[PDB]
Amino acid sequence: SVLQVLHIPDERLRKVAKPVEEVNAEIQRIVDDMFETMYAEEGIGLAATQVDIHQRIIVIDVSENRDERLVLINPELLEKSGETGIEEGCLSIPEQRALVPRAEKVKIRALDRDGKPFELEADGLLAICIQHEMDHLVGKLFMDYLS
Ligand SMILES: CCCCC[C@H](CC(=O)NO)C(=O)N[C@H](C(=O)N1CCC[C@H]1CO)C(C)C
Ligand SMILES: [Zn+2]
């Protein structure tokens with residue numbers, strides 16, 4: 001159930017996503033496919049732009065517990081701390097994983113695939129991935145700082 005995934009180079013991956021004022025059934029389908037894809041990609045997280053949606057919608061798959069199943073809509077960063085660097089690849093890139101620097105822990109606000117905006121604190125792999133999707137969907141990508 002994978003939608004249309006955009007690959008680097010791609011304007012939409014480098015495109016800034018806009019966080020919608022309200023979760024529409026169209027927006028819900030977008031996330032639903034985003035996970036469906038991301039998983040189909042076996043990715044630990046997929047960002048809206050990646051799946052061809054120029055809207056700040058993020059879906060996570062970081063086993064921060066027993067079963068992976070994180071969804072956030074129009075997430076925004078609230079706080080970041082610590083400096084990390086870990087290799088990863090992007091659904092847009094052909095699995096070319098590189099070590100990208102991001103904060104060690106970060107707390108961000110988002111709404112669930114159900115349509116309820118809440119604030120969640122992310123640390124480690126959670127904080128890294130969630131913050132990464134924020135960047136990716138805002139058209140910013142780790143490659144922007146790789147060299
Ligand atoms: C909720 C967001 C979670 C982080 C997403 C990352 C990188 C990405 O493409 N973000 O848009 C991802 O899962 N990377 C995967 C991958 O290359 N690796 C393998 C190890 C885990 C992950 C990052 O290194 C690919 C398959 C999508
Ligand atoms: Zn990515």
# chains A, B, ... in the order shown; residues from 1 in each chain; ligands from 1

$ residues_around --residues "residue 137 (chain A)" --least-positions-apart "4" --cutoff "9 Å" --atoms "only C-alpha atoms" --output "list in words"
residues 12, 13, 14, 15, 16, 17, 18, 47, 48, 49, 50, 53, 54, 55, 56, 57, 58, 132, 133 and 141 of chain A

$ residues_near_ligand --ligand "ligand 1" --cutoff "7 Å" --atoms "only C-alpha atoms and all ligand atoms" --output "list in words"
residues 38, 41, 42, 43, 44, 45, 46, 47, 50, 58, 59, 60, 61, 62, 87, 88, 89, 90, 91, 92, 95, 97, 129, 130, 132, 133 and 136 of chain A

$ select_by_dssp --residues "region 83-135 of chain A" --states "helix (DSSP H, G or I)" --output "JSON, numbers by chain"
{"A": [124, 125, 126, 127, 128, 129, 130, 131, 132, 133, 134, 135]}

$ closest_residue --among "A:126, A:120, A:31, A:73" --to "residue 102 (chain A)" --atoms "only C-alpha atoms"
A:126

$ closest_residue --among "A:80, A:7, A:116, A:69" --to "ligand 2" --atoms "only C-alpha atoms and all ligand atoms"
A:7

$ select_by_dssp --residues "chain A" --states "strand (DSSP E or B)" --output "number ranges by chain"
A: 16, 18, 45-47, 55, 57-60, 70-88, 98-111, 117-123, 138

$ write_last_selection --atoms "C-alpha atoms" --output "PDB file, in the first residue's frame"
ATOM      1  CA  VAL A  16       9.114  23.223   2.459  1.00  0.00           C
ATOM      2  CA  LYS A  18       3.221  23.425   5.391  1.00  0.00           C
ATOM      3  CA  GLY A  45      10.278   6.590   9.592  1.00  0.00           C
ATOM      4  CA  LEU A  46       8.909   8.372   6.501  1.00  0.00           C
ATOM      5  CA  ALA A  47       8.508  12.151   6.000  1.00  0.00           C
ATOM      6  CA  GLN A  55       2.630  19.156   3.674  1.00  0.00           C
ATOM      7  CA  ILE A  57       3.243  15.370   7.806  1.00  0.00           C
ATOM      8  CA  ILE A  58       5.582  12.918   9.558  1.00  0.00           C
ATOM      9  CA  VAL A  59       5.297   9.203  10.228  1.00  0.00           C
ATOM     10  CA  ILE A  60       7.642   7.300  12.551  1.00  0.00           C
ATOM     11  CA  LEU A  70       4.384   6.358  15.369  1.00  0.00           C
ATOM     12  CA  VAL A  71       2.350   8.981  13.507  1.00  0.00           C
ATOM     13  CA  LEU A  72       2.491  12.781  13.778  1.00  0.00           C
ATOM     14  CA  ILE A  73       0.851  15.499  11.687  1.00  0.00           C
ATOM     15  CA  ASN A  74       2.230  19.025  11.191  1.00  0.00           C
ATOM     16  CA  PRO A  75       4.899  18.476  13.988  1.00  0.00           C
ATOM     17  CA  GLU A  76       6.866  21.457  15.319  1.00  0.00           C
ATOM     18  CA  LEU A  77      10.070  21.567  17.378  1.00  0.00           C
ATOM     19  CA  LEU A  78       9.872  22.750  20.974  1.00  0.00           C
ATOM     20  CA  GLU A  79      13.306  21.881  22.378  1.00  0.00           C
ATOM     21  CA  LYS A  80      16.551  20.197  21.380  1.00  0.00           C
ATOM     22  CA  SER A  81      19.692  19.254  23.325  1.00  0.00           C
ATOM     23  CA  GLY A  82      22.931  17.317  22.897  1.00  0.00           C
ATOM     24  CA  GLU A  83      24.768  16.731  19.646  1.00  0.00           C
ATOM     25  CA  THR A  84      24.454  13.411  17.883  1.00  0.00           C
ATOM     26  CA  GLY A  85      25.590  11.879  14.706  1.00  0.00           C
ATOM     27  CA  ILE A  86      24.430   8.555  13.258  1.00  0.00           C
ATOM     28  CA  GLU A  87      24.347   7.070   9.774  1.00  0.00           C
ATOM     29  CA  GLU A  88      21.009   6.855   8.064  1.00  0.00           C
ATOM     30  CA  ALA A  98      25.443   8.784   5.925  1.00  0.00           C
ATOM     31  CA  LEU A  99      26.112  10.063   9.437  1.00  0.00           C
ATOM     32  CA  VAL A 100      24.048  13.193  10.057  1.00  0.00           C
ATOM     33  CA  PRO A 101      24.372  15.555  13.090  1.00  0.00           C
ATOM     34  CA  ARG A 102      21.184  16.252  15.052  1.00  0.00           C
ATOM     35  CA  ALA A 103      20.311  17.031  18.677  1.00  0.00           C
ATOM     36  CA  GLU A 104      20.479  14.181  21.195  1.00  0.00           C
ATOM     37  CA  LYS A 105      17.041  14.840  22.636  1.00  0.00           C
ATOM     38  CA  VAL A 106      14.192  16.993  21.375  1.00  0.00           C
ATOM     39  CA  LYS A 107      10.549  17.567  22.383  1.00  0.00           C
ATOM     40  CA  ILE A 108       8.072  18.379  19.623  1.00  0.00           C
ATOM     41  CA  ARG A 109       4.366  19.025  19.059  1.00  0.00           C
ATOM     42  CA  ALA A 110       2.306  17.059  16.569  1.00  0.00           C
ATOM     43  CA  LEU A 111      -1.075  15.496  15.976  1.00  0.00           C
ATOM     44  CA  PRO A 117      -2.576  17.441  18.236  1.00  0.00           C
ATOM     45  CA  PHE A 118      -0.415  16.668  21.267  1.00  0.00           C
ATOM     46  CA  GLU A 119       3.136  17.388  22.390  1.00  0.00           C
ATOM     47  CA  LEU A 120       5.639  14.551  22.688  1.00  0.00           C
ATOM     48  CA  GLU A 121       9.174  14.443  24.025  1.00  0.00           C
ATOM     49  CA  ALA A 122      11.662  12.572  21.853  1.00  0.00           C
ATOM     50  CA  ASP A 123      15.145  11.401  22.877  1.00  0.00           C
ATOM     51  CA  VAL A 138      10.640  21.364   5.424  1.00  0.00           C
TER      52      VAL A 138
END
